[PDB]
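Coming up are structure 1 and structure 2: the same protein chain in two forms, each one given alone as structure tokens.
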Structure 1
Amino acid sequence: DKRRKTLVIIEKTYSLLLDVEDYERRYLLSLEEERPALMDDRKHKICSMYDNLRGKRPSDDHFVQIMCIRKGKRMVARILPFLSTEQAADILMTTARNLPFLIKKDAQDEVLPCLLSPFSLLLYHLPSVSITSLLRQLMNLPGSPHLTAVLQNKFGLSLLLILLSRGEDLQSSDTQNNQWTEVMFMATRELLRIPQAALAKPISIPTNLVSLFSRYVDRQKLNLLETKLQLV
């Protein structure tokens, strides 16, 4: 159906991507000649890709449709590092907001995991509040919060872990407190609730996750999480 029309948005945007990747590529392998990067004329293309992913607010429809086609996801995964921190945060927020539905349409293709790396790097430019918002969004709070579909998914589960992890980095360097502790009591709770079998296989399991859960759970249940996630 409209998959046909959306496919056009993708190709239109894909062409922009290759152009941007071409300049970056040829510039990165010529770091002698010691010449300043000429980005003045390239910049309006990045915004164009962002617009094509959303297009001012606008409903999640435009973006979600794109994130259902195999090429769409692979594309977005490559567009991310070109976007500004805000643009990428919007994409990540919008992804988590509709993640349950995106996992369903990714049943056959299973290409979501290629977004993990791009999002990983994004999280290191995000402050405490943003991480909480992302987790709060992923878990569906404020609205009825569930994550079952998320934990039973490689990317969903791996994303949850990278978020909780980054949140540890920033919460250790010490309504955020209420927001964060709720998202942490929901995280640990739902993590203990899920059966060992239904849990997906995480791509990269962060080391500081033991310390994090040490703050919201007792020794007894903490061991459960260790054996539960190969925590390290």
Structure 2
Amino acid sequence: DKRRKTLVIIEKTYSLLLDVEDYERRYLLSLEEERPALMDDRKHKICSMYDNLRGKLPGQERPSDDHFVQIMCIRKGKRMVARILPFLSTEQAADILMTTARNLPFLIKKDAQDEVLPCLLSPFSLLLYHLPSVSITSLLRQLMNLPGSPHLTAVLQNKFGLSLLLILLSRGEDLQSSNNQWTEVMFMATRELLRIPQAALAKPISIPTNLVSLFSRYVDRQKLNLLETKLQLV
């Protein structure tokens, strides 16, 4: 089975990760003459890392999600990606987040025994603050464009999935409080949060404080209370 091959790729890539994580130490203890070389090496190893996750073979204009998905179904794989994220450019990191969203229900299924998906919440949250509104909207659009739509049961019932959804909504709120397209996905989201039975909802890792303010824009008082109770909102 390839799962053996995947574990190999994980070990290969994880080794690069430890090197890049050790970089500041080496640079700090280096002679000036060595620094140019240290910097080039760092660059190529970060490229290599991204390529092992999201590289594409000849004849394809977009990478296959295969390799990324395979890695993300493995305990150490998810923890590795969490630690690679901070080293990637914003554009590379957003790709990883969009790919995660596109494949989220399957990744959730494959995380049922390990439950390590939450290790990605922190780096994704840091990333979200660096992303514009078009991006925030596109990610939410992808989450609502999965099998079962417009029902998001698998996501809402998952600690990481719910938390991630709440972080996205929160950041979207920020950006709008600075268009209508954002308003459309917001309506869908509140509808879905309103539908899901409270007993089914996962316990969110964190609850953004601006959520109440966000929901007020699209929903009346009676329903607002529902959400607040449902999500133990602040």
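Residue 1 is the first residue of structure 1, and the numbers go on in sequence order from there. Here the rigid core means the biggest group of C-alpha atoms that line up within 1.5 Å when the two forms are laid on top of each other. Shifts are known only where both forms have a C-alpha.
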Open item on the list: Is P195 displaced by at least 2 Å at its C-alpha between structures 1 and 2 when the rigid core is overlaid?
Closed with: no
Open item on the list: Is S204 displaced by at least 2 Å at its C-alpha between structures 1 and 2 when the rigid core is overlaid?
Closed with: no
Task: Shift of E24 between structures 1 and 2 at or above 2 Å (CA, core fit) - done: yes
Task: Following rigid core superposition, Cα shift of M39 between structures 1 and 2 in Å - done: 2.7
Open item on the list: So if I superpose on the core and keep residues found in both forms, which blocks of at least 3 in a row have all their CA atoms moved by 2 Å or more between structures 1 and 2?
Closed with: 24-41, 141-144, 177-179
